[PDB]
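Worksheet for the structure shown next.
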Amino acid sequence: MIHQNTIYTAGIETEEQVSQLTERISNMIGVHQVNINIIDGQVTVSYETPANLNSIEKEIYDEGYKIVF
Ligand SMILES: [Ca+2]
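Heads up: the sequence shown at position 50 corresponds to 50 in the authors' numbering, and the numbers run straight through without jumps.
Next comes the structure, spelled out in structure tokens:
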């Protein structure tokens with residue numbers, strides 16, 4: 001039911017970027033815990049339906065970042 005993933009991003013460089021993406025992901029319905037590590041690009045997320053990995057990842061991409069799959 002609750003899923004946890006570490007998403008390995010690239011491109012996130014500033015505190016403002018981190019803040020914005022954190023808020024956007026966190027505010028998706030079903031997304032509970034979110035942490036973004038600016039040094040290593042790891043985005044850790046705990047989430048449930050209706051949120052899913054794909055929709056979280058889409059937000060990452062929409063903000064201009066990339067993901068290592
Ligand atoms: Ca750069």
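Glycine included, every Cβ here is placed at the ideal spot set by N, Cα and C.
Under the criterion of a Cβ to heavy atom distance below 7 Å, does residue i qualify as lining ligand 1?
i: residue 13; result: yes
Between residue i and residue j, what straight-line distance do the alpha-carbon atoms span, to the nearest angstrom?
i: residue 26; j: residue 9; result: 16 Å
i: residue 30; j: residue 46; result: 8 Å
i: residue 4; j: residue 51; result: 11 Å
i: residue 62; j: residue 16; result: 16 Å
i: residue 60; j: residue 39; result: 16 Å
Would you mind giving the Cβ-Cβ distance between residue i and residue j, rounded to the nearest angstrom? I have them listed as a contact below 8 Å.
i: residue 36; j: residue 12; result: 7 Å
i: residue 2; j: residue 57; result: Contact doesn't hold; Cβ gap of about 18 Å is too wide.
i: residue 34; j: residue 22; result: 6 Å
Which residues does DSSP pair with residue i in a beta bridge?
i: residue 9; result: 67
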